[PDB]
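Student: Here you go, one structure.
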Amino acid sequence: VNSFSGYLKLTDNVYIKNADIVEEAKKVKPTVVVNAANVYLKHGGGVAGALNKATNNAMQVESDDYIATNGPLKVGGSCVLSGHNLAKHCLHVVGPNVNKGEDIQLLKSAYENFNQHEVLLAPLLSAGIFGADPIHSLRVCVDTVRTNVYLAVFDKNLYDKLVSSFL
Ligand SMILES: Nc1nccc2ccccc12
């Protein structure tokens, strides 16, 4: 049993809700919240900008030190950093950004990072300002992630379309 409430069950392991990931993270304090990161961990906008704002910029400060030591992530890659006030850990995952011309086949590689964590609160990778089709992102998620994932979808309209169209 876990703390997640109000989710619709899509599969054995994937759950979805129309919810604010920050507001959801603040309520649940999950072991892992996933960030929709870029390779530079520059948390300007979208999910990343919202998560970072909720940490009062502490996520960005930590991320800048990570990059100064390790250099950029790979598209499809990830790193584990602090969850600050939102979670124990933040798994920063880089999905391909279609608005930069990145290979959408890298979306499966991105989701494979989730399999290193038994339970996660996450957004749909490569959705929103990353430019991919969220219906496609949900399909790749279901077909790739084997651990228990609780997806937060900010937009109610999109939430209802994802559920109605789910095979
Ligand atoms: N805040 C938040 N929560 C879940 C999904 C999102 C997608 C895009 C921007 C913000 C989001």
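Labels for the structure tokens follow display order: chains A, B, ..., residues from 1 in each chain, ligands from 1.
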Give me the residues of chain A that have any atom at most 8 Å from an atom of ligand 1; for each, the nearest atom pair and the distance in Å, rounded to one decimal. Use only C-alpha atoms and all ligand atoms, sort by chain and number, and format it as JSON lines.
Tutor:
```
{"residue": "A:18", "atom": "CA", "partner": "ligand 1", "partner_atom_place_in_ligand_line": "4 (C)", "distance": 7.9}
{"residue": "A:19", "atom": "CA", "partner": "ligand 1", "partner_atom_place_in_ligand_line": "4 (C)", "distance": 6.2}
{"residue": "A:20", "atom": "CA", "partner": "ligand 1", "partner_atom_place_in_ligand_line": "3 (N)", "distance": 4.1}
{"residue": "A:21", "atom": "CA", "partner": "ligand 1", "partner_atom_place_in_ligand_line": "3 (N)", "distance": 3.9}
{"residue": "A:22", "atom": "CA", "partner": "ligand 1", "partner_atom_place_in_ligand_line": "1 (N)", "distance": 5.7}
{"residue": "A:23", "atom": "CA", "partner": "ligand 1", "partner_atom_place_in_ligand_line": "1 (N)", "distance": 7.7}
{"residue": "A:45", "atom": "CA", "partner": "ligand 1", "partner_atom_place_in_ligand_line": "9 (C)", "distance": 7.8}
{"residue": "A:46", "atom": "CA", "partner": "ligand 1", "partner_atom_place_in_ligand_line": "9 (C)", "distance": 4.3}
{"residue": "A:47", "atom": "CA", "partner": "ligand 1", "partner_atom_place_in_ligand_line": "10 (C)", "distance": 4.0}
{"residue": "A:48", "atom": "CA", "partner": "ligand 1", "partner_atom_place_in_ligand_line": "10 (C)", "distance": 7.7}
{"residue": "A:50", "atom": "CA", "partner": "ligand 1", "partner_atom_place_in_ligand_line": "1 (N)", "distance": 5.9}
{"residue": "A:51", "atom": "CA", "partner": "ligand 1", "partner_atom_place_in_ligand_line": "1 (N)", "distance": 7.2}
{"residue": "A:122", "atom": "CA", "partner": "ligand 1", "partner_atom_place_in_ligand_line": "4 (C)", "distance": 7.6}
{"residue": "A:123", "atom": "CA", "partner": "ligand 1", "partner_atom_place_in_ligand_line": "5 (C)", "distance": 5.0}
{"residue": "A:124", "atom": "CA", "partner": "ligand 1", "partner_atom_place_in_ligand_line": "5 (C)", "distance": 7.1}
{"residue": "A:127", "atom": "CA", "partner": "ligand 1", "partner_atom_place_in_ligand_line": "7 (C)", "distance": 7.1}
{"residue": "A:128", "atom": "CA", "partner": "ligand 1", "partner_atom_place_in_ligand_line": "8 (C)", "distance": 5.2}
{"residue": "A:129", "atom": "CA", "partner": "ligand 1", "partner_atom_place_in_ligand_line": "8 (C)", "distance": 7.4}
{"residue": "A:151", "atom": "CA", "partner": "ligand 1", "partner_atom_place_in_ligand_line": "4 (C)", "distance": 7.8}
{"residue": "A:152", "atom": "CA", "partner": "ligand 1", "partner_atom_place_in_ligand_line": "4 (C)", "distance": 4.7}
{"residue": "A:153", "atom": "CA", "partner": "ligand 1", "partner_atom_place_in_ligand_line": "5 (C)", "distance": 4.4}
{"residue": "A:154", "atom": "CA", "partner": "ligand 1", "partner_atom_place_in_ligand_line": "5 (C)", "distance": 4.2}
{"residue": "A:155", "atom": "CA", "partner": "ligand 1", "partner_atom_place_in_ligand_line": "7 (C)", "distance": 7.3}
```
Student: Convert the current residue selection to file output with N, CA and C atoms, as a short mmCIF file (atom, residue, chain, number, x, y, z; two decimals), in the first residue's frame.
Tutor:
```
data_model
loop_
_atom_site.label_atom_id
_atom_site.label_comp_id
_atom_site.auth_asym_id
_atom_site.auth_seq_id
_atom_site.Cartn_x
_atom_site.Cartn_y
_atom_site.Cartn_z
N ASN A 18 -5.09 13.74 -12.98
CA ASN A 18 -5.03 15.18 -13.30
C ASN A 18 -4.57 15.91 -12.06
N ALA A 19 -3.26 16.16 -11.93
CA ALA A 19 -2.78 16.76 -10.66
C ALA A 19 -1.55 17.62 -10.89
N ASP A 20 -1.25 18.51 -9.94
CA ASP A 20 -0.03 19.35 -10.01
C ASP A 20 1.10 18.48 -9.44
N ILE A 21 2.17 18.24 -10.21
CA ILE A 21 3.26 17.36 -9.68
C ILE A 21 3.85 18.01 -8.42
N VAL A 22 4.05 19.33 -8.45
CA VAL A 22 4.56 20.07 -7.27
C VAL A 22 3.51 19.89 -6.17
N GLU A 23 2.24 20.18 -6.47
CA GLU A 23 1.28 20.06 -5.35
C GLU A 23 1.20 18.59 -4.93
N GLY A 45 11.57 26.35 -17.31
CA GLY A 45 10.15 26.36 -17.66
C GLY A 45 9.58 24.98 -17.66
N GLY A 46 8.32 24.87 -17.98
CA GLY A 46 7.64 23.58 -17.95
C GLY A 46 7.65 22.99 -16.56
N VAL A 47 7.66 21.68 -16.51
CA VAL A 47 7.72 20.97 -15.23
C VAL A 47 8.99 21.38 -14.47
N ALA A 48 10.12 21.44 -15.15
CA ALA A 48 11.38 21.73 -14.44
C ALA A 48 11.34 23.11 -13.79
N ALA A 50 8.77 24.72 -12.81
CA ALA A 50 7.83 24.69 -11.69
C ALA A 50 8.43 23.96 -10.49
N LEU A 51 9.04 22.81 -10.71
CA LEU A 51 9.69 22.09 -9.58
C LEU A 51 10.76 22.97 -8.96
N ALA A 122 5.78 11.05 -11.50
CA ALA A 122 6.43 11.53 -12.75
C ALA A 122 5.46 12.27 -13.62
N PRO A 123 6.00 13.14 -14.51
CA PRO A 123 5.26 13.69 -15.63
C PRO A 123 5.46 12.79 -16.84
N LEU A 124 4.66 13.00 -17.86
CA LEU A 124 4.89 12.37 -19.16
C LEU A 124 6.12 12.96 -19.83
N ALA A 127 6.57 15.53 -23.13
CA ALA A 127 5.31 16.25 -23.35
C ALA A 127 5.53 17.74 -23.06
N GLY A 128 4.42 18.48 -23.17
CA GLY A 128 4.48 19.93 -22.91
C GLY A 128 5.45 20.59 -23.83
N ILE A 129 6.29 21.46 -23.29
CA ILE A 129 7.23 22.28 -24.10
C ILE A 129 8.31 21.44 -24.76
N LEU A 151 1.63 8.93 -12.66
CA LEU A 151 1.77 10.03 -13.63
C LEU A 151 0.85 11.15 -13.23
N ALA A 152 1.39 12.37 -13.19
CA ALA A 152 0.63 13.61 -12.93
C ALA A 152 0.53 14.36 -14.25
N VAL A 153 -0.68 14.65 -14.66
CA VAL A 153 -0.95 15.41 -15.89
C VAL A 153 -1.62 16.72 -15.48
N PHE A 154 -0.92 17.84 -15.69
CA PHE A 154 -1.40 19.17 -15.28
C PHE A 154 -2.70 19.57 -15.97
N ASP A 155 -2.77 19.36 -17.24
CA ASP A 155 -3.87 19.87 -18.09
C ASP A 155 -5.07 18.91 -18.05
#
```
Student: Could you pull out the residues in segment 7-163 of chain A that DSSP calls strand (DSSP E or B) from the backbone, as a PyMOL selection string?
Tutor: chain A and resi 8-9+14-17+32-36+78-82+89-93+119-122+148-152
Student: Just to confirm, what's the straight-line distance from atom CA of residue 97 of chain A to atom CA of residue 38 of chain A in Å (one decimal)?
Tutor: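 Computed distance, atom CA of residue 97 of chain A to atom CA of residue 38 of chain A, equals 8.4 Å.
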Student: Could you go through chain A and tell me which residues DSSP, when run on the backbone, assigns to alpha helix (DSSP H), listing them as number ranges by chain?
Tutor: A: 21-28, 46-54, 58-70, 106-112, 134-144, 156-164
Student: Here is a test: counting only C-alpha atoms, which residue of A:27, A:161, A:110, A:149 is nearest to residue 135 of chain A?
Tutor: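 The answer is A:161, which sits nearest to residue 135 of chain A.
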Student: Could you check the closest approach to residue 166 of chain A for each of A:137, A:144, A:31, A:2 and tell me which residue wins, using only C-alpha atoms?
Tutor: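 Counting only C-alpha atoms, the residue closest to residue 166 of chain A is A:137.
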Student: For residue 61 of chain A, work out the shell of residues within 12 Å, counting only C-alpha atoms and skipping chain neighbours fewer than 5 positions away, then give it as a count of residues only.
Tutor: 13
Student: Residues within 9 Å of residue 32 of chain A, please, as JSON, numbers by chain. Count only C-alpha atoms; anything in the same chain fewer than 4 positions from it doesn't count.
Tutor: {"A": [83, 87, 88, 89, 90, 91, 117, 119, 120, 121, 122]}
Student: For the selection you just gave me, I'd like the residues written to a file as an mmCIF file, in the first residue's frame, keeping C-alpha atoms.
Tutor:
```
data_model
loop_
_atom_site.group_PDB
_atom_site.id
_atom_site.type_symbol
_atom_site.label_atom_id
_atom_site.label_comp_id
_atom_site.auth_asym_id
_atom_site.auth_seq_id
_atom_site.Cartn_x
_atom_site.Cartn_y
_atom_site.Cartn_z
ATOM 1 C CA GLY A 83 14.314 16.062 -3.835
ATOM 2 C CA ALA A 87 10.618 14.289 -2.304
ATOM 3 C CA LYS A 88 13.541 12.286 -0.947
ATOM 4 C CA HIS A 89 15.170 12.231 -4.392
ATOM 5 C CA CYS A 90 14.645 13.889 -7.760
ATOM 6 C CA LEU A 91 15.360 11.733 -10.797
ATOM 7 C CA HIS A 117 13.281 2.964 -8.892
ATOM 8 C CA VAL A 119 7.966 3.728 -7.141
ATOM 9 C CA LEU A 120 7.983 7.177 -8.816
ATOM 10 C CA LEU A 121 5.828 10.276 -9.200
ATOM 11 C CA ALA A 122 6.433 11.526 -12.753
#
```
Student: Tell me which of A:157, A:35, A:69, A:63 sits closest to residue 111 of chain A, counting only C-alpha atoms.
Tutor: A:35
Student: Got a sec: who's within 8 Å of residue 73 of chain A, counting only C-alpha atoms, leaving out chain neighbours fewer than 5 positions off, as a VMD selection string?
Tutor: chain A and resid 38 to 40 78 to 79 94
Student: Can I get the selection written as a CSV table (one decimal), in the first residue's frame, with C-alpha atoms?
Tutor:
```csv
chain,number,residue,atom,x,y,z
A,38,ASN,CA,17.3,19.0,-20.2
A,39,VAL,CA,21.0,18.0,-20.6
A,40,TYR,CA,22.2,21.2,-18.9
A,78,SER,CA,19.3,10.8,-16.0
A,79,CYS,CA,20.9,11.6,-12.7
A,94,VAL,CA,16.1,14.0,-20.2
```
Student: As a PDB file with N, CA, C and O atoms, in the first residue's frame, please: the residues near residue 100 of chain A (cut-off 12 Å, only C-alpha atoms, same-chain neighbours under 6 positions excluded).
Tutor:
```
ATOM      1  N   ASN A  38      16.505  18.962 -18.971  1.00  0.00           N
ATOM      2  CA  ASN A  38      17.350  19.039 -20.177  1.00  0.00           C
ATOM      3  C   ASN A  38      18.793  18.678 -19.780  1.00  0.00           C
ATOM      4  O   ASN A  38      19.120  18.541 -18.624  1.00  0.00           O
ATOM      5  N   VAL A  75      20.911  13.009 -23.823  1.00  0.00           N
ATOM      6  CA  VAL A  75      19.482  12.843 -24.149  1.00  0.00           C
ATOM      7  C   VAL A  75      19.142  11.367 -23.984  1.00  0.00           C
ATOM      8  O   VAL A  75      19.832  10.505 -24.529  1.00  0.00           O
ATOM      9  N   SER A 126       8.847  14.160 -22.416  1.00  0.00           N
ATOM     10  CA  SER A 126       8.854  14.791 -23.732  1.00  0.00           C
ATOM     11  C   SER A 126       7.515  15.462 -24.055  1.00  0.00           C
ATOM     12  O   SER A 126       7.414  16.013 -25.182  1.00  0.00           O
ATOM     13  N   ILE A 129       6.293  21.463 -23.290  1.00  0.00           N
ATOM     14  CA  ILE A 129       7.226  22.281 -24.102  1.00  0.00           C
ATOM     15  C   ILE A 129       8.314  21.444 -24.759  1.00  0.00           C
ATOM     16  O   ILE A 129       9.030  22.010 -25.609  1.00  0.00           O
ATOM     17  N   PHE A 130       8.438  20.138 -24.461  1.00  0.00           N
ATOM     18  CA  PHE A 130       9.375  19.293 -25.209  1.00  0.00           C
ATOM     19  C   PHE A 130       8.777  18.839 -26.538  1.00  0.00           C
ATOM     20  O   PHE A 130       9.518  18.222 -27.308  1.00  0.00           O
ATOM     21  N   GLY A 131       7.505  19.071 -26.785  1.00  0.00           N
ATOM     22  CA  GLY A 131       7.010  18.993 -28.179  1.00  0.00           C
ATOM     23  C   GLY A 131       6.531  17.647 -28.629  1.00  0.00           C
ATOM     24  O   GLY A 131       6.064  17.562 -29.811  1.00  0.00           O
ATOM     25  N   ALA A 132       6.648  16.573 -27.867  1.00  0.00           N
ATOM     26  CA  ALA A 132       6.170  15.274 -28.337  1.00  0.00           C
ATOM     27  C   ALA A 132       4.666  15.164 -28.120  1.00  0.00           C
ATOM     28  O   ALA A 132       4.064  15.883 -27.367  1.00  0.00           O
TER      29      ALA A 132
END
```
Student: Just checking: using only C-alpha atoms, which residue out of A:167, A:25, A:141, A:37 ends up closest to residue 54 of chain A?
Tutor: A:25
Student: Residue 4 of chain A: which residues within 10 Å, counting only C-alpha atoms, same-chain residues fewer than 6 positions away excluded, as a PyMOL selection string?
Tutor: chain A and resi 15+17+24-25+27-30+121+150
Student: Give me a file of those residues, with C-alpha atoms, as a short mmCIF file (atom, residue, chain, number, x, y, z; two decimals), in the first residue's frame.
Tutor:
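Okay, this is what ended up in selection_8.cif:
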```
data_model
loop_
_atom_site.label_atom_id
_atom_site.label_comp_id
_atom_site.auth_asym_id
_atom_site.auth_seq_id
_atom_site.Cartn_x
_atom_site.Cartn_y
_atom_site.Cartn_z
CA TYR A 15 -1.46 5.03 -12.68
CA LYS A 17 -4.16 11.59 -12.29
CA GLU A 24 1.28 16.27 -5.55
CA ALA A 25 4.94 16.05 -4.49
CA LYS A 27 1.40 16.27 -0.37
CA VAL A 28 2.89 12.76 -0.85
CA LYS A 29 6.65 13.42 -0.30
CA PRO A 30 7.39 10.48 -2.57
CA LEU A 121 5.83 10.28 -9.20
CA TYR A 150 2.18 7.56 -10.77
#
```
Student: Of the candidates A:1, A:140, A:8, A:106, which shows the shortest atom-to-atom distance to residue 164 of chain A, using only C-alpha atoms?
Tutor: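 Ranked by minimum distance to residue 164 of chain A, first place goes to A:8.
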